[PDB]
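This report concerns only the one structure given below.
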Amino acid sequence: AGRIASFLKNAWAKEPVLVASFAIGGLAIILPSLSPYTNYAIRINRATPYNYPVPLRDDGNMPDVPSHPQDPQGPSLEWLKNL
Amino acid sequence: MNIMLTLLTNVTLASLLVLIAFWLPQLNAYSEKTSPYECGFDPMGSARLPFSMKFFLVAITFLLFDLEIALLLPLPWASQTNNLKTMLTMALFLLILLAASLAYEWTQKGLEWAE
Amino acid sequence: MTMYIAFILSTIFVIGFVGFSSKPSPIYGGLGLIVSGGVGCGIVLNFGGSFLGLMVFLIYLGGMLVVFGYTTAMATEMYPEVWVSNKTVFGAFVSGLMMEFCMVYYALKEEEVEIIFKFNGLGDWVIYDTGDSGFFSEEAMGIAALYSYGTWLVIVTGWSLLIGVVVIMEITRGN
Amino acid sequence: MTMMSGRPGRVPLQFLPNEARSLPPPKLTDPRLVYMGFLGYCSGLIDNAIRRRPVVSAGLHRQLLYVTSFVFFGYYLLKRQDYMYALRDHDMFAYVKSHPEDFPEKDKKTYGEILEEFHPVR
Amino acid sequence: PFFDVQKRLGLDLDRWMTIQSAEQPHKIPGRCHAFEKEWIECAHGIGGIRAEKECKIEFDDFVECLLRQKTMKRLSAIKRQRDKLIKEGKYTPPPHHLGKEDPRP
Amino acid sequence: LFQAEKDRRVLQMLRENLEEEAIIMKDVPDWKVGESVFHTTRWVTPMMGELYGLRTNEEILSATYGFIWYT
Amino acid sequence: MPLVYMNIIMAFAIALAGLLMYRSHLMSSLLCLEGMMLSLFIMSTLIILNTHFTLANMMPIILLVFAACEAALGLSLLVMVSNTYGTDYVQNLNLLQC
Amino acid sequence: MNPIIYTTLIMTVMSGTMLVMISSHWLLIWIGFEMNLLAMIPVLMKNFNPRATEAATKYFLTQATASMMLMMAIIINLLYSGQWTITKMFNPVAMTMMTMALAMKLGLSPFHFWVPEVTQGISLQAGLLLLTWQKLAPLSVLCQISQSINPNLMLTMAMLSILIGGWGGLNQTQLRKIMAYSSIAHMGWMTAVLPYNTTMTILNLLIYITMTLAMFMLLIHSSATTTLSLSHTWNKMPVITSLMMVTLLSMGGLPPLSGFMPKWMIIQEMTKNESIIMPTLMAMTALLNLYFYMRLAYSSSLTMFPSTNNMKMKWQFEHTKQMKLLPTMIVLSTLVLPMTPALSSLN
Amino acid sequence: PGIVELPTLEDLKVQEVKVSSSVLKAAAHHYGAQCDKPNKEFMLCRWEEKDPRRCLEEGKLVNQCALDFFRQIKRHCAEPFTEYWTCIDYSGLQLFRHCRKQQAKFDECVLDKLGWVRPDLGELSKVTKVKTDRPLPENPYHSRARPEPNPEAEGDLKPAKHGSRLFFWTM
Ligand SMILES: CCCCCCCCCCCCCCCCCC(=O)OC[C@H](COP(=O)([O-])OCC(O)COP(=O)([O-])OC[C@@H](COC(=O)CCCCCCCCCCCCCCCCC)OC(=O)CCCCCCCCCCCCCCCCC)OC(=O)CCCCCCCCCCCCCCCCC
Ligand SMILES: CCCCCCCCCCCCCCCCC[C@@H](O)O[C@H](CO[C@H](O)CCCCCCCCCCCCCCC)COP(=O)(O)OCC[N+](C)(C)C
Ligand SMILES: CCCCCCCCCCCCCCCCC[C@@H](O)O[C@H](CO[C@H](O)CCCCCCCCCCCCCCC)COP(=O)(O)OCC[N+](C)(C)C
Ligand SMILES: CCCCCCCCCCCCCCCCC[C@@H](O)O[C@H](CO[C@H](O)CCCCCCCCCCCCCCC)COP(=O)(O)OCC[N+](C)(C)C
Ligand SMILES: CCCCCCCC/C=C\CCCCCCCC(=O)O[C@H](COC(=O)CCCCCCC/C=C/CCCCCCCC)COP(=O)(O)OCCN
């Protein structure tokens with residue numbers, strides 16, 4: 001409580017560069033685990049179509065696969081437009 | 001193909017400048033003019049004698065720290081992977097180990113030049 | 001057959017290796033290794049390895065600067081040797097040059113297995129792939145996969161680097 | 001060069017597969033176990049001798065621990081060795097059964113119809 | 001010698017990198033993916049001694065894909081015959097093989 | 001569309017090479033025209049030399065080093 | 001095999017020969033070691049690029065990393081040798097015999 | 001050196017060896033070798049002197065050349081087959097390169113020259129580590145690729161190792177050089193049977209490691225590095241000299257001691273493959289190792305050499321540091337012949 | 001090792017699409033909206049047969065559908081489309097974001113004259129299903145018969161007969 005206060009004061013008086021560096025590194029380590037937009041970053045990465053989407057051979061038992069891109073089925077990037 | 005032409009052009013221009021500088025003016029070379037310079041006097045020893053390096057340990061550490069650059073340069077492309085958590089963990093771990101190496105050499109007086 | 005640019009580059013690579021392997025003063029050996037690094041970078045660039053060639057060139061440039069400093073510190077003599085100031089150095093240089101000449105002649109004039117196997121040459125361009133797709137570079141993706149696929153490699157590499165720092169500090173202590 | 005390490009269904013680092021429980025365990029009075037205990041006792045005596053202690057009577061708890069540890073490890077070593085020999089015999093018999101053409105049964109003649117050469121000693 | 005810790009624990013420390021036909025990023029395929037797949041599926045579970053003999057065709061095809069020695073030999077033979085026939089003037093290359101072709105997309 | 005065009009172009013180049021090889025190599029006694037070097041009968045992606053073997057050096061250069069050298 | 005592969009393998013052979021035949025300076029042998037590493041890098045890079053082995057593209061970089069370690073190791077030893085003798089000549093390292 | 005730094009270095013050496021052991025990828029095996037060398041160089045130089053520096057330099061040069069040849073073999077194997085798994089090499093040239101690299105790492109003849117020098121230049125603890133733990137990784141790699149071994153080259157190197165170990169040991173008065181030549185001969189024995197039965201190789205390695213550990217611990221306990229220094233031990237610790245004589249007899253392969261078990265097994269295994277001339281020559285050659293072991297025993301425990309007056313002072317002091325595994329190591333080095341069939345547990 | 005069979009040059013003839021890359025990029029969104037079915041059938045044939053020689057008719061159908069699409073565009077309004085693709089063609093990267101007025105005009109024209117709706121972001125990259133009468137290939141890899149495995153390990157484990165049988169040892 002007071003020991004850490006005196007140590008931090010001495011460090012800020014003598015080595016401000018090291019204090020700033022350690023603070024920045026600690027924030028960089030800690031903050032990503034508490035952010036709600038990391039999931040958004042992952043989903044943005046998954047949403048980029050680098051390669052061709054190969055169609056599946058219809059067998060009559062896929063209610064959740066579209067037969068046309070404009071069909072309502074499949075993933076939607078409506079969330080991405082407002083983000 | 002274009003870069004080869006550019007490199008050839010630049011080297012050719014520099015070499016032509018050297019050739020002009022060495023063949024255009026009048027040259028009068030004698031032993032006193034071409035002697036080594038030590039501000040008024042003949043050097044006592046040779047310039048090929050050993051010259052001590054007081055920062056040799058930092059020079060060696062530079063070799064190891066130069067490969068962290070190789071390991072860290074593909075980070076912009078690595079940031080595009082789907083499993084961002086693993087990539088971020090590995091990048092932060094690598095930088096943490098680099099910082100720990102720097103701290104270890106700093107605290108063991110490895111950054112101080114030899115006396 | 002097509003301008004044999006890669007063959008010329010690899011020949012200059014071998015010539016630089018002969019230059020620094022005949023072992024003149026380490027200044028000229030470092031110069032030869034720098035030349036070989038640049039030319040090998042060019043070869044890898046011609047085969048599509050932009051990042052790898054540029055990185056190897058950068059790494060060897062830094063290493064050779066350190067080597068130059070160390071040569072001036074503890075690897076000098078009154079009269080540093082060049083490739084023509086010594087019978088031994090000149091002999092090794094010439095022997096390497098004619099050995100490369102003989103290997104090349106036995107390669108492109110006939111099919112003969114020197115050590116491992118034989119071949120005809122024909123230039124590298126034949127053995128390409130004509131792959132036509134992509135909005136990225138496969139080399140960059142494979143290198144960037146180190147942070148998602150190669151976790152084990154990253155762990156062992158970082159450990160070895162930290163241990164190497166500790167090791168050089170332990171070795172140069174003296175006492 | 002490596003006979004049994006590539007056997008199908010081999011768990012890497014078990015030291016004692018489950019099937020080894022189908023075999024009879026070695027008896028606790030196994031002479032090999034007694035020899036293991038004797039080795040532990042010799043180790044204890046040498047430990048007393050090196051440290052410059054009364055060889056036969058210095059540390060009784062230490063000798064007891066030596067003997068117990070040697071017997072404990074030897075029991076499982078004997079179990080594994082027995083299991084490995086049983087595996088070798090099982091595989092050999094199965095291979096002989098599955099290849100009758102390589103291990104044929106040929107009728108045996110009696111010594112009255114087999115002509116053996118006689119070499120006089122003189 | 002080889003303590004298979006990976007197999008005992010199911011870790012995959014380095015098996016992701018052992019072969020060319022194993023889950024590259026972005027599904028980028030190897031140049032010889034099909035040949036290696038065929039050879040690996042031929043040789044799986046029968047041991048090295050049997051795989052050396054009974055899967056020699058697949059391995060020969062895989063090596064031909066890797067190094068293309070036979071294809072280069074055939075191309076060299078064809079070109080040598082073409083040059084021999086052209087020096088004596090019995091053969092003439094077609095216009096589409098001389099730079100006067102009609103290109104298509 | 002690019003895929004369909006690529007298949008048609010590759011197949012046309014290979015057929016032209018096949019016809020030229022058939023004309024050229026008629027004198028060699030034990031030569032089969034169009035004989036594969038693979039035991040497998042499945043399709044194999046053509047190598048650069050197969051497509052551009054009997055063509056000019058400029059086409060070969062554009063096919064091999066055209067993209068890399070473009071800056 | 002292309003003639004480039006033969007040239008790279010010959011470069012490795014030349015570097016190995018240069019390392020195995022010692023002149024006075026130890027720095028020259030260290031440079032031969034570095035050249036051997038460079039030739040290995042080039043050879044592996046060419047093979048991996050030609051075969052389009054994507055995940056193996058990170059293999060050469062790892063090579064470089066350990067090359068650096070080896071280089072550093074050698075230089076460290078050289079320093080100590082010089083500190084003992086004022087020279088990096090290998091003929092001073094003869095206190096031990098067979 | 002700081003104790004924590006030394007512990008970290010030893011752990012790095014051991015973890016590099018284990019990385020070699022557990023890897024399925026050639027690059028990871030090479031990485032393990034590199035890490036082992038990197039961490040092992042400082043350990044040889046813990047006690048600083050010119051001799052230790054020279055030994056470290058020679059060791060580094062030899063091992064770096066071996067590593068470069070190792071990588072070249074790997075890359076050629078990859079070129080002739082797009083494989084990274086350590087199963088069996090697909091090119092004979094790559095196999096020759098790998099065999100030579102691993103022989104140079106192990107110190108087999110004619111790559112044996114560095115072993116006596118490096119062992120003489122370092123302390124007894126560093127020598128113990130170098131001659132016991134440093135043999136595991138190359139032997140494990142050789143065991144994994146045994147079916148691709150060219151028997152002629154491997155057997156030639158093994159026979160050369162046995163002969164040269166005996167002849168070199170015949171001429172030594174320093175104990176570290178004697179141990180190094182014994183190591184060379186035993187490594188030749190280990191690699192002679194490798195193309196036939198890797199279990200025999202593992203058994204030979206285990207027995208040799210046990211006897212070498214016992215020998216080096218007895219040499220550390222009686223802090224002697226020369227024959228004449230060891231001639232003084234009887235006047236201070238006779239039990240140590242007696243145990244050392246028995247251990248030396250075991251190292252000579254005399255029945256019914258433990259050292260007889262490996263050679264015996266190796267010999268019989270070789271006779272299963274219609275190899276008769278070579279085992280006979282190997283045993284008749286190991287007679288030389290037995291001879292110089294008996295010379296050391298004569299000078300150390302069977303006769304009493306003259307001593308010095310100052311020794312009386314040493315009579316008044318005990319050893320402050322005790323080695324906990326020395327008695328067990330001695331017992332395993334001598335009395336384990338009746339437990340010979342247990343080798344089936346090794347396969 | 002067999003003869004490689006190749007289609008004749010007459011078989012490979014088709015009515016080609018001779019519009020440049022800028023025109024194609026300008027039309028691409030509506031082209032993928034309208035000509036999806038032949039394109040997807042061709043791509044399924046391509047990825048299931050692993051042989052360009054087995055999907056030539058599907059490629060010709062793709063060409064026909066593209067030509068019909070471009071004929072419709074030419075017939076209804078070619079001037080807004082020409083302005084749009086010229087604006088696209090000026091850019092060295094062919095960026096969409098520099099031509100939004102011309103894109104708006106072209107989109108309005110196609111919407112009013114043909115009822116064509118531009119697909120929203122994320123739609124053209126979906127994985128869709130294709131109904132085809134083409135039989136599923138049974139051996140697209142032309143695989144040989146796999147060699148038989150080693151039989152099995154079976155039976156109850158019994159103690160070794162007369163122990164280890166190593167020299168004089170009875171156990
Ligand atoms: C094959 C079948 C089975 C055979 C068994 C195997 C062989 C025997 C066992 C081997 C291991 C056991 C003993 C080794 C550790 C002993 C350490 C020692 O130094 O001894 C001193 C110690 C006497 O010292 P102390 O009492 O403290 O006071 C005197 C001072 O210390 C004053 O002493 P100091 O230290 O001042 O005297 C100086 C002396 C100190 O030097 C020595 O004492 C020599 C010690 C050599 C250690 C042995 C090597 C390790 C084991 C390998 C054995 C190889 C066997 C294969 C054949 C090759 C033979 C070499 O140095 C010299 O004089 C230079 C002599 C150099 C001549 C060269 C010969 C040396 C090597 C010969 C070894 C022979 C084999 C061991 C025989 C037993 C020896 C105790 O001796 C003993 O009392 C232990 C003997 C055993 C007693 C326990 C028996 C159990 C009790 C009876 C119960 C009945 C059981 C059954 C129950 C039935 C129901 C009723
Ligand atoms: C900015 C980048 C673009 C630059 C483009 C121009 C590049 C110029 C490169 C260098 C030229 C500048 C030098 C100035 C004139 C050249 C003079 C010199 O090079 O040649 C002289 C020629 O000397 C020769 O040794 C003798 C001439 C005989 C040899 C010529 C061979 C063929 C001639 C045979 C006659 C038949 C005609 C054949 C040709 C059609 C040697 O003079 P020298 O005194 O040493 O040096 C000092 C020169 N000074 C006096 C000006 C200071
Ligand atoms: C048995 C005793 C355990 C403790 C001691 C172990 C000693 C060895 C050191 C650490 C063991 C290594 C185990 C980690 C192996 C990495 C692979 C595994 O963990 O999965 C990773 C999971 O990620 C984890 O976060 C791994 C990071 C944990 C390690 C970082 C710090 C630990 C290092 C400690 C020792 C290193 C040296 C000392 C440092 C101070 C990545 O998987 P994932 O990305 O899902 O999917 C990949 C497959 N894809 C590509 C198809 C998608
Ligand atoms: C001097 C005599 C030798 C002494 C040897 C040291 C004794 C102490 C060692 C401590 C005991 C623990 C060791 C292992 C216990 C559990 C580990 C277990 O999982 O490992 C198994 C393996 O079990 C062990 O290897 C058995 C170790 C037993 C060693 C003793 C045999 C000695 C021979 C006869 C001498 C008599 C010894 C007397 C002992 C006091 C896994 O098998 P596997 O991963 O598939 O094989 C790898 C090698 N392959 C594939 C190439 C075959
Ligand atoms: C959890 C974060 C970890 C990752 C982030 C770090 C990124 C990189 C930063 C570390 C780089 C290496 C640091 C090495 C530290 C060496 C310390 C040292 O020994 O230096 C001392 C100087 O520093 C010291 O006195 C010792 C340490 C002083 C404290 C330094 C910071 C400690 C932590 C404070 C910050 C805490 C976090 C911020 C919180 C914000 C407050 C609310 C000696 O200086 P000389 O140059 O030799 O002096 C010559 C002239 N007189």
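Only heavy atoms go into these numbers, but all of them, side chains included; no hydrogens, no water, no symmetry mates. Residue numbers start from 1 in every chain, and the chains themselves are labelled A, B, ... in the order their sequence lines are given, proteins ahead of strands.
For chain C, the nearby parts of H:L38 are the backbone and the side chain; heavy atoms of each come within less than 4.5 Å. For C:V167, the parts sitting under 4.5 Å from any heavy atom of chain H are the backbone and the side chain alike. Of the atoms belonging to C:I168, not a single heavy atom falls under 4.5 Å from chain H. Heavy atoms closer than 4.5 Å to chain C are found in both the backbone and the side chain of H:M1.
By the 6.0 Å contact criterion, CZ on H:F216 is enclosed, its count of non-hydrogen atoms from other residues, nucleotides or ligands being greater than 12. No more than 12 heavy atoms of other residues, nucleotides or ligands shown are found within 6.0 angstrom of CZ on C:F68.
With respect to chain H, the highest number of heavy-atom pairs below 4.5 Å among C:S160, C:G164, C:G174 belongs to C:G174. Among the candidates H:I41, H:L28, H:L9, H:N49, the residue making the largest number of heavy-atom pairs closer than 4.5 Å to chain C is H:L28.
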* How far apart are the C-alpha atoms of C:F17 and C:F20, what are their side-chain angles, what is the distance that settles it, and do they pass the ring pair (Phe, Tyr, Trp, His ring centres under 6.0 Å) test? -> CA-CA 5 Å; C:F17 268 61; C:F20 76 72; 4.8 Å; yes
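Under the 3.5 Å distance criterion, the side-chain polar atoms of H:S183 are left unmatched by any main-chain donor or acceptor of H:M179.
Residue pairs that meet the ring pair (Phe, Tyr, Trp, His ring centres under 6.0 Å) test with at least one member in residues 100-133 of chain H, sequence neighbours left out, are H:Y59-H:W114.
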